[PDB]
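Okay, structure first, notes after.
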Amino acid sequence: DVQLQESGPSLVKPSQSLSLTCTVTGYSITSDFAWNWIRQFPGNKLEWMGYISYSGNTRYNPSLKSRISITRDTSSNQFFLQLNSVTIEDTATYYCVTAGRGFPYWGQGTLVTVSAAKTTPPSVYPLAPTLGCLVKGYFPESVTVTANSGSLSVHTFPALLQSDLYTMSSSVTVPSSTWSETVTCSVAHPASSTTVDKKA
Amino acid sequence: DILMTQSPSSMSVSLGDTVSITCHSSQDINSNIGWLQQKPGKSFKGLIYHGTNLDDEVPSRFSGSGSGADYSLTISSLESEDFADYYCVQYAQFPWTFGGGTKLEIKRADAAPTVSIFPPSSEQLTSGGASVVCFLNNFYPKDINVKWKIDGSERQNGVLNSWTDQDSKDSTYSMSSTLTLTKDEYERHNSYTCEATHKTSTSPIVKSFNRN
Amino acid sequence: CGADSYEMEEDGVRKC
């Protein structure tokens with residue numbers, strides 16, 4: 001099999017460049033196949049952006065051609081996406097993908113937000129009288145909530161945008177022989193390096 | 001560009017069911033079509049290529065057929081793992097293009113929500129804000145209404161509603177409702193109520209708290 | 001594959 005992984009920034013400002021790396025393991029990108037970038041827009045619409053071949057030949061979507069470059073580093077077994085002159089409309093989840101016999105191998109995908117809004121950490125607030133946690137006023141999209149060190153298996157509600165900042169929440173359900181037992185939600189936000197704690 | 005018309009957009013079906021998803025292209029694509037699966041967690045997988053051929057480790061439940069401009073994906077004896085979003089893709093012509101997708105959801109019995117109200121945190125009241133939260137959990141079907149009342153008076157403005165996707169465990173849906181007001185407006189009233197209306201219960205499920 | 005028995009590759013992508 002082949003394994004692929006996207007890395008790069010979560011937030012790019014408009015007019016600037018989006019740059020992503022795909023690290024390929026288990027197979028050499030010079031051996032066979034085409035090595036693609038595909039994106040998925042917030043409404044689930046997919047668009048093929050382009051590829052670089054095993055031989056280093058590139059093909060681009062005509063809608064993107066003047067704005068795009070796909071390159072490779074064969075020593076590191078990586079290939080790269082660069083998308084320039086970006087607009088808010090370039091907000092999407094970006095995937096690196098192998099095309100050979102169809103599209104067998106896909107990276108996990110990485111979300112890239114194009115916006116002029118400034119990076120902001122979240123102000124986690126507790127939610128006690130089923131229990132919960134309310135995570136408010138962060139930017140950009142990038143939170144994960146974990147209940148009792150992964151012991152609780154618990155609803156994650158997707159973020160909504162209010163006042164150009166994001167708000168989301170999470171709920172846990174335990175039998176009333178507990179909260180008795182202590183219940184804590186661990187709230188992690190990678191684009192802040194803050195694990196904004198809280199906590200009863 | 002070649003347009004891919006995928007049908008249906010959504011399906012509510014049971015385990016053990018056999019379902020078909022179709023894709024029509026705006027011109028002959030000579031079997032140059034793939035089928036892709038994206039499960040919860042947003043991970044994609046190639047299932048089929050050249051209209052019919054299986055990618056590695058794809059179970060024989062999945063089959064394909066078609067020609068010219070008309071293709072089908074069939075999934076026999078649906079299993080829990082098979083409930084996902086599905087996409088067609090043509091590679092007959094550049095640029096390669098995709099169908100609109102098909103969402104496969106599990107059919108289930110009707111279920112009333114469990115309703116949960118929470119007052120603003122002291123933490124938030126220090127910052128000058130006041131959010132009142134209402135969890136509406138484990139209901140079926142997805143269609144649900146929430147009404148906020150402040151001292152009996154309906155409030156539509158300042159409310160944020162967020163739905164989960166279908167539950168991996170019990171096939172239900174859940175929704176979170178947040179009413180956000182200023183500290184000053186929050187302290188001018190006593191009663192905060194969330195009311196849930198669903199095609200299951202005659203009267204709405206009413207949860208409230210009084211600031212006393 | 002497709003109308004005929006011919007399969008081909010272009011830039012490492014198999015096509016009918």
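Residues in the structure tokens are named by chain (A, B, ... in the order shown) and by number from 1 within that chain; ligands are numbered from 1 in the order shown.
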
Excluding region 9-12 of chain C and residues on its chain fewer than 6 positions from it, collect all residues at most 6 Å away from it, counting only C-alpha atoms, and give them as a PyMOL selection string. chain A and resi 32-34+53+100

Query raised in the report: Residues at most 6 Å from region 18-28 of chain B, counting only C-alpha atoms, excluding those fewer than 2 positions away in the same chain, as a PyMOL selection string?
Result: chain B and resi 2-7+30+68-77

Would you work out the distance separating CA of residue 41 (chain A) from CA of residue 196 (chain A), expressed in Å to one decimal?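 Separating CA of residue 41 (chain A) from CA of residue 196 (chain A) is a distance of 29.0 Å.
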
Restrict the calculation to only C-alpha atoms, then for each residue of chain B with any atom at most 6 Å from an atom of chain A give the closest atom pair and their distance in Å to one decimal, rows by chain and rising residue number, as a Markdown table.
| residue | atom | partner | partner_atom | distance |
| --- | --- | --- | --- | --- |
| B:34 | CA | A:102 | CA | 5.7 |
| B:43 | CA | A:108 | CA | 5.6 |
| B:46 | CA | A:104 | CA | 4.2 |
| B:49 | CA | A:102 | CA | 4.7 |
| B:95 | CA | A:61 | CA | 5.2 |
| B:118 | CA | A:129 | CA | 5.6 |
| B:162 | CA | A:157 | CA | 5.9 |
| B:164 | CA | A:157 | CA | 5.5 |

Written selection (N, CA, C and O atoms) as a tab-separated table (two decimals), in the first residue's frame:
chain	number	residue	atom	x	y	z
B	34	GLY	N	-14.40	6.31	-11.41
B	34	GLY	CA	-14.09	5.71	-10.13
B	34	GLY	C	-15.20	5.97	-9.13
B	34	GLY	O	-16.03	6.86	-9.34
B	43	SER	N	-12.19	10.62	6.21
B	43	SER	CA	-11.20	9.84	5.44
B	43	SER	C	-11.76	9.25	4.14
B	43	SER	O	-12.81	8.61	4.15
B	46	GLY	N	-10.53	4.93	-2.27
B	46	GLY	CA	-10.96	4.48	-3.60
B	46	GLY	C	-11.55	3.09	-3.48
B	46	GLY	O	-10.98	2.23	-2.84
B	49	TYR	N	-12.50	1.31	-9.81
B	49	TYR	CA	-11.94	1.99	-10.97
B	49	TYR	C	-12.36	1.30	-12.27
B	49	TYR	O	-12.73	0.12	-12.25
B	95	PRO	N	-10.39	18.78	-17.19
B	95	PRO	CA	-10.01	18.43	-15.83
B	95	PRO	C	-10.88	17.29	-15.31
B	95	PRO	O	-12.05	17.17	-15.70
B	118	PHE	N	-28.36	24.69	30.69
B	118	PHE	CA	-27.22	25.13	31.50
B	118	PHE	C	-27.10	26.65	31.53
B	118	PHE	O	-27.20	27.29	30.47
B	162	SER	N	-26.47	23.81	16.48
B	162	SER	CA	-25.51	22.94	15.83
B	162	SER	C	-25.88	21.47	15.98
B	162	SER	O	-26.03	20.97	17.10
B	164	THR	N	-25.11	17.34	15.26
B	164	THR	CA	-24.13	16.30	14.96
B	164	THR	C	-24.56	15.54	13.70
B	164	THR	O	-25.70	15.68	13.24

Distance query residue 196 (chain B) at most 8 Å, only C-alpha atoms, self and fewer than 2 positions along chain excluded, as a compact mmCIF listing (two decimals) with N, CA, C and O atoms, in the first residue's frame:
# COMPACT_ATOMS: atom_id res chain seq x y z
N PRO B 113 -36.02 13.46 21.98
CA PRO B 113 -34.79 14.04 22.53
C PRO B 113 -34.75 14.03 24.06
O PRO B 113 -35.79 14.05 24.72
N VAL B 115 -33.41 16.51 26.88
CA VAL B 115 -33.16 17.95 26.86
C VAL B 115 -32.43 18.43 28.13
O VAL B 115 -32.80 18.05 29.25
N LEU B 136 -29.84 18.97 23.14
CA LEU B 136 -30.97 18.13 22.75
C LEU B 136 -30.40 16.86 22.14
O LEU B 136 -29.91 16.86 21.01
N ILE B 144 -35.84 18.75 14.03
CA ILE B 144 -36.18 19.19 15.39
C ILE B 144 -36.22 20.71 15.48
O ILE B 144 -35.47 21.41 14.78
N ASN B 145 -37.11 21.21 16.33
CA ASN B 145 -37.22 22.64 16.60
C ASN B 145 -36.84 22.94 18.04
O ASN B 145 -37.19 22.18 18.95
N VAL B 146 -36.14 24.04 18.24
CA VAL B 146 -35.88 24.56 19.59
C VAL B 146 -36.37 26.01 19.70
O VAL B 146 -36.12 26.83 18.82
N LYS B 147 -37.11 26.31 20.77
CA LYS B 147 -37.57 27.66 21.05
C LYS B 147 -37.03 28.17 22.38
O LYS B 147 -37.19 27.52 23.42
N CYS B 194 -35.71 26.55 27.39
CA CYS B 194 -35.63 25.97 26.04
C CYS B 194 -36.75 24.95 25.84
O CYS B 194 -37.03 24.15 26.74
N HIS B 198 -40.75 17.98 18.41
CA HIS B 198 -40.35 16.87 17.56
C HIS B 198 -41.60 16.08 17.16
O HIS B 198 -42.58 16.07 17.90
N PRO B 204 -44.31 19.99 23.47
CA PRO B 204 -42.86 20.14 23.47
C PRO B 204 -42.22 19.74 24.81
O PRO B 204 -42.88 19.79 25.85
N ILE B 205 -40.95 19.33 24.77
CA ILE B 205 -40.19 19.04 25.98
C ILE B 205 -39.56 20.33 26.49
O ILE B 205 -38.68 20.91 25.83
N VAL B 206 -40.02 20.76 27.66
CA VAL B 206 -39.69 22.06 28.22
C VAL B 206 -38.72 21.92 29.39
O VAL B 206 -39.02 21.24 30.38

Find the residues near residue 115 (chain A): any atom within 6 Å, counting only C-alpha atoms, skip ones fewer than 3 places away on the same chain, and give them as a ChimeraX atom specification. /A:13-14,88

| task | Hey, list the chain B side of the contact with chain C: 10 Å cut-off, only C-alpha atoms, answer as a ChimeraX atom specification. | result | /B:29-33,49-53,66-68,91-92

Do you know which residues are at most 10 Å from residue 125 (chain B) counting only C-alpha atoms, after dropping those on the same chain fewer than 6 positions away, and could you put them as number ranges by chain? B: 131, 182-184, 186-187

Using N, CA and C atoms, can you write the selected residues to a file as a short mmCIF file (atom, residue, chain, number, x, y, z; two decimals), in the first residue's frame?
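What follows is the written file again_10.cif:
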data_model
loop_
_atom_site.label_atom_id
_atom_site.label_comp_id
_atom_site.auth_asym_id
_atom_site.auth_seq_id
_atom_site.Cartn_x
_atom_site.Cartn_y
_atom_site.Cartn_z
N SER B 131 -23.95 33.26 28.05
CA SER B 131 -24.47 32.22 27.17
C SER B 131 -25.26 31.18 27.95
N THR B 182 -25.78 39.84 26.47
CA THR B 182 -24.83 40.58 27.28
C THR B 182 -25.10 40.31 28.76
N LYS B 183 -24.08 40.49 29.59
CA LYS B 183 -24.23 40.38 31.04
C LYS B 183 -25.42 41.21 31.50
N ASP B 184 -25.43 42.48 31.09
CA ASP B 184 -26.48 43.43 31.46
C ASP B 184 -27.89 42.98 31.08
N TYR B 186 -28.80 39.81 30.51
CA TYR B 186 -29.05 38.56 31.23
C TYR B 186 -29.58 38.83 32.65
N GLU B 187 -29.02 39.84 33.31
CA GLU B 187 -29.35 40.17 34.69
C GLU B 187 -30.66 40.93 34.85
#

If you run DSSP on this backbone, which residues of chain B come out as strand (DSSP E), and could you give them as JSON, numbers by chain?
-> {"B": [4, 5, 6, 7, 10, 11, 12, 13, 19, 20, 21, 22, 23, 24, 25, 33, 34, 35, 36, 37, 38, 44, 45, 46, 47, 48, 49, 53, 54, 62, 63, 64, 65, 66, 67, 70, 71, 72, 73, 74, 75, 85, 86, 87, 88, 89, 90, 97, 98, 102, 103, 104, 105, 106, 114, 115, 116, 117, 118, 129, 130, 131, 132, 133, 134, 135, 136, 137, 138, 139, 145, 146, 147, 148, 149, 150, 153, 154, 155, 159, 160, 161, 162, 163, 173, 174, 175, 176, 177, 178, 179, 180, 181, 182, 191, 192, 193, 194, 195, 196, 197, 205, 206, 207, 208, 209, 210]}

Print the selection's residues with C-alpha atoms to a file, as a short mmCIF file (atom, residue, chain, number, x, y, z; two decimals), in the first residue's frame.
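Heads up, here's the output in again.cif:
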data_model
loop_
_atom_site.label_atom_id
_atom_site.label_comp_id
_atom_site.auth_asym_id
_atom_site.auth_seq_id
_atom_site.Cartn_x
_atom_site.Cartn_y
_atom_site.Cartn_z
CA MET B 4 -21.24 14.28 -13.29
CA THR B 5 -24.82 13.92 -12.06
CA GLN B 6 -24.97 11.65 -9.03
CA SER B 7 -28.25 10.19 -7.71
CA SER B 10 -29.33 10.94 0.25
CA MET B 11 -30.68 7.54 1.34
CA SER B 12 -32.29 6.31 4.54
CA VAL B 13 -31.83 2.53 4.55
CA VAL B 19 -28.71 -0.10 -2.58
CA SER B 20 -27.66 1.42 -5.91
CA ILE B 21 -26.10 4.82 -6.57
CA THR B 22 -26.05 6.20 -10.13
CA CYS B 23 -23.83 8.63 -12.02
CA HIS B 24 -24.63 10.23 -15.40
CA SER B 25 -21.91 12.10 -17.33
CA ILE B 33 -15.06 6.34 -13.74
CA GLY B 34 -14.09 5.71 -10.13
CA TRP B 35 -16.16 5.41 -6.96
CA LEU B 36 -14.94 6.85 -3.66
CA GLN B 37 -16.10 6.39 -0.07
CA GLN B 38 -15.75 8.99 2.68
CA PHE B 44 -11.43 8.97 1.71
CA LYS B 45 -10.89 5.58 0.07
CA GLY B 46 -10.96 4.48 -3.60
CA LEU B 47 -13.38 1.58 -4.01
CA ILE B 48 -13.76 1.09 -7.74
CA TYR B 49 -11.94 1.99 -10.97
CA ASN B 53 -12.79 -3.09 -10.95
CA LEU B 54 -12.22 -3.33 -7.19
CA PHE B 62 -19.37 -3.46 -3.66
CA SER B 63 -19.95 -3.86 -7.38
CA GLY B 64 -20.15 -1.58 -10.42
CA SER B 65 -21.52 -1.48 -13.97
CA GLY B 66 -22.36 0.88 -16.83
CA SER B 67 -21.18 2.25 -20.17
CA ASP B 70 -24.49 5.94 -17.37
CA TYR B 71 -22.91 4.09 -14.43
CA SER B 72 -23.98 2.42 -11.17
CA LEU B 73 -22.48 1.50 -7.82
CA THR B 74 -24.22 -1.29 -5.92
CA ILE B 75 -23.67 -2.21 -2.29
CA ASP B 85 -20.70 9.46 1.74
CA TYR B 86 -20.00 8.17 -1.76
CA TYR B 87 -18.66 10.00 -4.83
CA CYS B 88 -18.22 9.22 -8.54
CA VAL B 89 -15.22 10.64 -10.47
CA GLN B 90 -14.40 10.73 -14.20
CA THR B 97 -14.46 16.10 -12.18
CA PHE B 98 -16.64 14.64 -9.42
CA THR B 102 -24.53 10.42 -1.93
CA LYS B 103 -25.07 10.24 1.82
CA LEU B 104 -26.05 6.82 3.20
CA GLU B 105 -27.75 7.01 6.59
CA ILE B 106 -29.15 4.30 8.89
CA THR B 114 -33.28 14.24 26.01
CA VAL B 115 -33.16 17.95 26.86
CA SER B 116 -30.48 19.63 28.99
CA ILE B 117 -30.28 23.32 30.04
CA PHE B 118 -27.22 25.13 31.50
CA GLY B 129 -21.06 37.95 28.39
CA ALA B 130 -23.84 35.44 29.11
CA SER B 131 -24.47 32.22 27.17
CA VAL B 132 -27.31 29.86 28.05
CA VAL B 133 -26.87 26.37 26.60
CA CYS B 134 -29.39 23.64 25.73
CA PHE B 135 -28.35 20.13 24.65
CA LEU B 136 -30.97 18.13 22.75
CA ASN B 137 -29.64 14.60 22.57
CA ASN B 138 -30.25 11.23 20.90
CA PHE B 139 -33.33 11.80 18.76
CA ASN B 145 -37.22 22.64 16.60
CA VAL B 146 -35.88 24.56 19.59
CA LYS B 147 -37.57 27.66 21.05
CA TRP B 148 -35.92 29.98 23.58
CA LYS B 149 -38.00 31.98 26.05
CA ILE B 150 -36.70 34.74 28.34
CA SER B 153 -40.89 35.87 25.75
CA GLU B 154 -39.69 34.13 22.58
CA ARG B 155 -36.14 35.01 21.55
CA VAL B 159 -29.32 31.76 19.11
CA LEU B 160 -26.82 29.30 17.60
CA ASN B 161 -27.90 25.75 16.71
CA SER B 162 -25.51 22.94 15.83
CA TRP B 163 -26.34 19.38 14.78
CA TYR B 173 -28.91 12.75 16.14
CA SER B 174 -28.06 15.43 18.68
CA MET B 175 -28.21 19.20 18.60
CA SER B 176 -26.79 22.01 20.73
CA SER B 177 -28.54 25.37 21.14
CA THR B 178 -26.80 28.45 22.57
CA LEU B 179 -28.52 31.73 23.43
CA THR B 180 -25.95 34.52 23.91
CA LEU B 181 -26.81 37.84 25.55
CA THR B 182 -24.83 40.58 27.28
CA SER B 191 -36.56 32.77 33.69
CA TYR B 192 -34.69 31.03 30.84
CA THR B 193 -36.45 28.25 28.97
CA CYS B 194 -35.63 25.97 26.04
CA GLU B 195 -38.53 24.13 24.38
CA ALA B 196 -38.04 21.19 21.98
CA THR B 197 -40.65 20.20 19.37
CA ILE B 205 -40.19 19.04 25.98
CA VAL B 206 -39.69 22.06 28.22
CA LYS B 207 -36.57 22.62 30.32
CA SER B 208 -35.97 25.83 32.29
CA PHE B 209 -34.12 27.46 35.18
CA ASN B 210 -34.97 30.50 37.30
#

**Asked** When DSSP works through the backbone of this structure, what residues of chain A end up as helix (DSSP H, G or I), shown as a PyMOL selection string?
**Response** chain A and resi 65-67+88-90+190-192

Could you write out that same residue set with N, CA, C and O atoms as a PDB file, in the first residue's frame?
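Listing of result_4.pdb after writing:
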ATOM      1  N   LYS A  65      -4.824  26.779 -13.352  1.00  0.00           N
ATOM      2  CA  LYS A  65      -3.522  26.790 -14.057  1.00  0.00           C
ATOM      3  C   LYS A  65      -2.548  27.958 -13.773  1.00  0.00           C
ATOM      4  O   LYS A  65      -1.382  27.719 -13.426  1.00  0.00           O
ATOM      5  N   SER A  66      -3.016  29.199 -13.923  1.00  0.00           N
ATOM      6  CA  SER A  66      -2.159  30.388 -13.757  1.00  0.00           C
ATOM      7  C   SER A  66      -1.747  30.667 -12.307  1.00  0.00           C
ATOM      8  O   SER A  66      -0.868  31.486 -12.047  1.00  0.00           O
ATOM      9  N   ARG A  67      -2.373  29.957 -11.375  1.00  0.00           N
ATOM     10  CA  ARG A  67      -2.302  30.275  -9.957  1.00  0.00           C
ATOM     11  C   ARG A  67      -1.616  29.157  -9.161  1.00  0.00           C
ATOM     12  O   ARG A  67      -1.333  29.313  -7.971  1.00  0.00           O
ATOM     13  N   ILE A  88     -10.854  34.155  -0.191  1.00  0.00           N
ATOM     14  CA  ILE A  88     -11.669  33.432   0.798  1.00  0.00           C
ATOM     15  C   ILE A  88     -12.245  32.152   0.186  1.00  0.00           C
ATOM     16  O   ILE A  88     -12.381  31.138   0.869  1.00  0.00           O
ATOM     17  N   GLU A  89     -12.554  32.213  -1.109  1.00  0.00           N
ATOM     18  CA  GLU A  89     -13.134  31.097  -1.860  1.00  0.00           C
ATOM     19  C   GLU A  89     -12.219  29.867  -1.935  1.00  0.00           C
ATOM     20  O   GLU A  89     -12.664  28.784  -2.334  1.00  0.00           O
ATOM     21  N   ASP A  90     -10.952  30.038  -1.556  1.00  0.00           N
ATOM     22  CA  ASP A  90      -9.995  28.929  -1.506  1.00  0.00           C
ATOM     23  C   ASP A  90     -10.016  28.174  -0.171  1.00  0.00           C
ATOM     24  O   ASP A  90      -9.221  27.267   0.042  1.00  0.00           O
ATOM     25  N   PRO A 190      -4.749  23.176  18.689  1.00  0.00           N
ATOM     26  CA  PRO A 190      -3.441  23.167  18.003  1.00  0.00           C
ATOM     27  C   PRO A 190      -2.915  24.514  17.474  1.00  0.00           C
ATOM     28  O   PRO A 190      -1.732  24.811  17.651  1.00  0.00           O
ATOM     29  N   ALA A 191      -3.774  25.312  16.838  1.00  0.00           N
ATOM     30  CA  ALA A 191      -3.355  26.598  16.263  1.00  0.00           C
ATOM     31  C   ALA A 191      -3.147  27.701  17.314  1.00  0.00           C
ATOM     32  O   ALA A 191      -2.912  28.865  16.973  1.00  0.00           O
ATOM     33  N   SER A 192      -3.231  27.328  18.587  1.00  0.00           N
ATOM     34  CA  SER A 192      -2.939  28.250  19.680  1.00  0.00           C
ATOM     35  C   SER A 192      -1.840  27.689  20.571  1.00  0.00           C
ATOM     36  O   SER A 192      -1.263  28.414  21.385  1.00  0.00           O
TER      37      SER A 192
END

Original post:
Just how far from CA of residue 39 (chain B) is CA of residue 35 (chain A), in Å to one decimal?
Top reply: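 Computing it gives 22.3 Å between the two atoms.
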